[PDB]
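Participant: Before anything else, here's the structure in question.
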Amino acid sequence: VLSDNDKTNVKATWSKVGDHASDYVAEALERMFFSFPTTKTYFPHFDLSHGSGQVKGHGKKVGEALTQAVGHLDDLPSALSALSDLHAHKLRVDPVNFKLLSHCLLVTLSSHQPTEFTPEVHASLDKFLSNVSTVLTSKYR
Amino acid sequence: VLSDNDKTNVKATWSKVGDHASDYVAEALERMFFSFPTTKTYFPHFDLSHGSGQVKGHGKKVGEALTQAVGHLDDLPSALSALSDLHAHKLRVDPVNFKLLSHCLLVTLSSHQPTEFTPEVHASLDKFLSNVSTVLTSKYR
Amino acid sequence: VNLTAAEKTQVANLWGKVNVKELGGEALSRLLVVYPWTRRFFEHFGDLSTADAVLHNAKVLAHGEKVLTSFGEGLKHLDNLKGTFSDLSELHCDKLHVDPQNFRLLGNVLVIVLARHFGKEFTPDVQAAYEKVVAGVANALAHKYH
Amino acid sequence: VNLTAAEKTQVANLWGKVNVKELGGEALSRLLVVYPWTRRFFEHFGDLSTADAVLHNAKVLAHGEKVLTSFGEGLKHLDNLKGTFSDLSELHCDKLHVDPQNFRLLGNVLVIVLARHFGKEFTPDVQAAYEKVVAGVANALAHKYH
Ligand code: HEM
Ligand code: HEM
Ligand code: HEM
Ligand code: HEM
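Chains C, A, B and D supply the protein sequences, listed in that same order.
Taking the entry's author numbering, I'd label the letters of the first sequence as residues 1 to 141.
Taking the entry's author numbering, I'd label the letters of the second sequence as residues 1 to 141.
Taking the entry's author numbering, I'd label the letters of the third sequence as residues 1 to 146.
Taking the entry's author numbering, I'd label the letters of the fourth sequence as residues 1 to 146.
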């Protein structure tokens, strides 16, 4: 389902992000919390104000997982196996929330890399983030 | 992924359905059109009134695809190949609608088979219908 | 919520036949078995690692009753679900931190449960009425989120 | 929709800078490329076979301009989106047979298109306000469905 062109578009995109992965994802979560407050129900233990250490820490960890996914597009179920277990057994985030984060990830990318976020690139990234979301919820039931 | 027990539960449910598949599915679809009126935007050419012959005819076809699905649980992609082409390239039903019909299929089966429709069977059937939906939309992009 | 006079009768008639303890128990039970991740909010009730523990947990069954009984309260104020469920919306958001998506999931299970118990009586039309009711209830409980 | 005074000013300030043709073209274009099943409503718009065909489709671009002009107009009535879009809502349901999920899809594309054009002036607060408006507009447009 991820075509060779979709994988090329994905790695192209993430390579332009570069060392900004952690900051961009940190910014994606804040965009999620502000525009989609229901997602905040999963972080009652976080200070969710702008610049909080907990969100920045979380952005970093989420970014690293996406970097791994970008590195293993042929076998995402195997790259994300431990996070898969975690979200299924402990975190238990309703699957509708993955789409909201994916959406805020696209807004962040698009805002930071305007000329590189082409329609076809957008299309590939949406398929990827939906793919990662499927993998992370794959063991829920 | 459907475990052995889920497949047992699906096959038991459907064996218990028997010659009622056309009637049960035609009913599901009516429950869908009336409960979820947005779904009727895909059938503007249909008689959607209560008891409809057109809906009945369509239910027979949909039941047939379900029966074939039930008979090929290990390889749904292969069994539903022609159907996933058609929904992808022609019908282009938004992925959101497949849940609405699944929900009414569960309403119909629970109504007609209350003793067989246990929490566990319920869960197995929901996973199955979600698997059918995923396969039917697998070629959308 | 926008319901016809014929639909309100249908809604009220069926609910007078509803055992809130039994169907309450079952609706919450089925939520936790069918969508196992919803068990996160009730882990303090005891062992919920399996379908069978879930079905035999006294606190899960008792909570399902409480929940259905609150749902019944909504039915007494169908023109004003927002007002009725205002305090509970604030409670679920601020204190319970429950993702309102769950309200929708519970709604769907409630319909399957009414259907399971009432057979033939739960017609496509009776269903349409309750589908509008569960979405109204869901939206109302979500309304005070922030 | 319920916007604070700060948010409404933000909505209006960003839109004054929107090139309706340019960004409406892009937004419809990106809808058809990102979510290819949406092209089912544009079978008569000529070539939509490739992503670059979509992108050079004079009728897609034009219709996109038309859509955002209407969106734009709806931003003059943020206290009453349902009344504003009531006629278009009946038209999309009864004439065009457009599954209203599509409005939610376009809303998301629009937010992304706005981010892309405005960059870092489209702050998280600015997105949040615009998220409220696109769900409000989508909601107004689905409202007369039956
Ligand atoms: C809106 C969707 C999501 C929600 C609501 C969510 C929720 C959570 C929560 C509450 C935690 C625990 C955070 C903590 O207490 O430190 C967490 C951990 C984590 N999740 Fe998610 N998640 C979402 C999507 C994702 C996605 C798309 C990824 C893939 C990158 C991901 C990967 C992770 C990682 C890498 C951790 C930290 C794991 C660890 O410490 O071992 N999550 N998630
Ligand atoms: C997941 C369960 C579904 C199954 C098993 C299924 C299968 C089928 C089958 C067997 C046909 C008839 C093919 C033929 O012989 O020409 C069909 C056609 C069709 N399907 Fe589905 N589909 C499903 C979901 C949906 C949903 C949710 C919708 C939209 C609400 C939909 C929309 C349609 C439409 C509009 C047609 C053409 C009807 C006509 O011939 O006029 N499908 N599908
Ligand atoms: C849809 C899934 C729902 C979940 C997962 C959920 C979650 C919870 C939780 C965890 C509690 C507190 C239990 C405890 O810690 O002792 C609670 C309380 C409560 N809920 Fe829900 N809720 C849901 C939906 C509903 C619905 C639809 C209603 C009907 C209006 C409802 C009405 C109530 C009531 C009346 C209480 C007791 C509040 C009090 O007075 O302390 N809930 N809910
Ligand atoms: C997002 C998915 C949407 C789809 C698939 C869609 C579909 C269509 C179609 C097929 C037409 C008639 C085709 C034509 O003009 O040749 C149309 C007309 C129109 N639509 Fe949409 N629409 C969408 C969203 C929107 C939105 C968000 C708005 C405004 C906020 C809008 C406003 C209009 C207007 C103003 C017309 C022209 C009506 C007329 O002149 O009679 N549409 N739409």
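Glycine included, every Cβ here is placed at the ideal spot set by N, Cα and C.
Using the rule of at least 16 other Cβ atoms within 10 Å of the residue's Cβ for burial, across every protein chain shown, is residue 27 of chain A buried or exposed?
Facilitator: buried
Participant: Relative to the C-alpha of residue 45 of chain B, which residue among B:133, B:33, B:63 and B:10 is closest?
Facilitator: Cα-wise, what sits closest to residue 45 of chain B is B:63.
Participant: Could you run through the segment 76–103 of chain B and flag, in chain order, every residue whose CB is less than 8 angstroms away from some CB of chain C?
Facilitator: 93, 97, 98, 99, 100, 101 and 102
Participant: So is the beta-carbon of residue 106 of chain B under 6 angstroms away from any non-hydrogen atom of ligand 3?
Facilitator: yes
Participant: Can the beta-carbon of residue 110 of chain D be found less than 7 angstroms from the beta-carbon of residue 122 of chain D?
Facilitator: no
Participant: Under 7 angstroms between C-beta atoms, does residue 43 of chain C make it to chain D?
Facilitator: Not one chain D Cβ lies under 7 angstroms of residue 43 of chain C.
Participant: Can you list, in chain order, the residues of the segment 23–49 of chain C whose Cβ is nearer than 8 angstroms to any Cβ on chain D?
Facilitator: 27, 30, 31, 34, 35 and 36
Participant: Taking all protein chains shown into account, decide if residue 107 of chain D is buried (16 or more other Cβ within 10 angstroms of its Cβ) or exposed.
Facilitator: buried
Participant: Return the CA-CA distance between residue 34 of chain D and residue 144 of chain B, expressed in angstroms with no decimal places.
Facilitator: Between residue 34 of chain D and residue 144 of chain B, the C-alpha separation is close to 33 angstroms.
Participant: On a Cα-Cα basis, can you pick out the residue from B:51, B:1 and B:10 that is closest to residue 121 of chain A?
Facilitator: B:51
Participant: Do the segment 122–130 of chain A and the segment 39–59 of chain A touch if we need at least three Cβ pairs shorter than 8 angstroms?
Facilitator: no
Participant: Touching or not, the segment 35–48 of chain A and the segment 91–108 of chain D, by the rule of three or more beta carbon pairs under 8 angstroms?
Facilitator: The segment 35–48 of chain A vs the segment 91–108 of chain D: in contact.
Participant: Tell me the residue span of the alpha helix (DSSP H) that contains residue 117 of chain B.
Facilitator: DSSP places residue 117 of chain B in the uninterrupted alpha helix (DSSP H) bounded by 101–118.
Participant: Of the residues that make up the segment 70–102 of chain A, which ones have a beta carbon closer than 8 angstroms to any beta carbon in chain C?
Facilitator: none
Participant: Compute the beta-carbon to beta-carbon distance between residue 35 of chain A and residue 104 of chain A, rounded to the nearest angstrom, for a pair I have assumed lies under 8 angstroms.
Facilitator: With a contact defined as Cβ atoms closer than 8 angstroms, residue 35 of chain A and residue 104 of chain A qualify at about 7 angstroms.
Participant: Looking at residue 83 of chain A: is its Cβ nearer than 7 angstroms to the Cβ of residue 65 of chain A?
Facilitator: yes
Participant: Between the Cα of residue 5 of chain A and those of A:24, A:33 and A:74, spot the shortest distance and give me the residue it belongs to.
Facilitator: A:74
Participant: Consult DSSP for residue 31 of chain C and reduce its assignment to one of helix, strand or coil.
Facilitator: In the structure shown, residue 31 of chain C sits in a helix (DSSP, three-state: H, G or I).
Participant: Pair every Cβ in the segment 84–99 of chain A with every Cβ in the segment 1–18 of chain B, then say whether three or more of these pairs are closer than 8 angstroms.
Facilitator: Using a Cβ-Cβ distance cut-off of 8 angstroms, the segment 84–99 of chain A and the segment 1–18 of chain B are not in contact, since fewer than three pairs of beta carbons, one from each stretch, lie closer than that value.
Participant: In whole angstroms, give me the CA-to-CA distance for residue 134 of chain D and residue 12 of chain A.
Facilitator: Using only the alpha carbons, I get a separation of about 45 angstroms.
Participant: Within 7 angstroms of any Cβ in chain A, is that where the Cβ of residue 40 of chain D sits?
Facilitator: yes
Participant: Just how far apart, CA to CA, sit residue 115 of chain C and residue 119 of chain D?
Facilitator: 11 angstroms
Participant: According to DSSP, simplified to helix, strand and coil, what is residue 49 of chain C?
Facilitator: The answer is coil: DSSP assigns residue 49 of chain C none of H, G, I, E or B.
Participant: Taking the alpha-carbon positions, what's the residue 72 of chain D to residue 42 of chain D distance?
Facilitator: Residue 72 of chain D and residue 42 of chain D: Cα-Cα distance of roughly 22 angstroms.
Participant: Could you tell me which uninterrupted alpha helix (DSSP H) segments, each at least 4 residues in length, are contained entirely in the segment 90–129 of chain C, listed from first to last along the chain?
Facilitator: If we require 4 residues or more, the alpha helix (DSSP H) runs fully inside the segment 90–129 of chain C come out as 96–112.
Participant: On the criterion of 16 or more Cβ atoms from any shown chain inside 10 Å, does residue 129 of chain D qualify as buried, or is it exposed?
Facilitator: buried
Participant: Thinking C-alpha only, which one of D:146, D:3, D:13 and D:14 is nearest residue 92 of chain D?
Facilitator: D:146
Participant: Identify whether residue 130 of chain B lies in helix, strand or coil by the three-state DSSP scheme.
Facilitator: helix
Participant: Return yes when the Cβ of residue 124 of chain B is within less than 7 angstroms of the Cβ of residue 31 of chain A, no when it is not.
Facilitator: Cβ atoms of residue 31 of chain A and residue 124 of chain B: closer than 7 angstroms.
Participant: Using a beta-carbon distance below 7 angstroms, is residue 131 of chain B in contact with chain A?
Facilitator: yes
Participant: Is it true that the CB of residue 81 of chain B sits closer than 7 angstroms to the CB of residue 74 of chain B?
Facilitator: yes
Participant: Using a Cβ-Cβ cutoff of less than 7 angstroms, which residues in the same chain neighbour residue 99 of chain C once the five nearest sequence positions on both sides are dropped?
Facilitator: 133
Participant: When we look at the beta-carbon of residue 112 of chain A and count the other beta-carbons within 10 Å, is it buried (16 or more) or exposed?
Facilitator: buried
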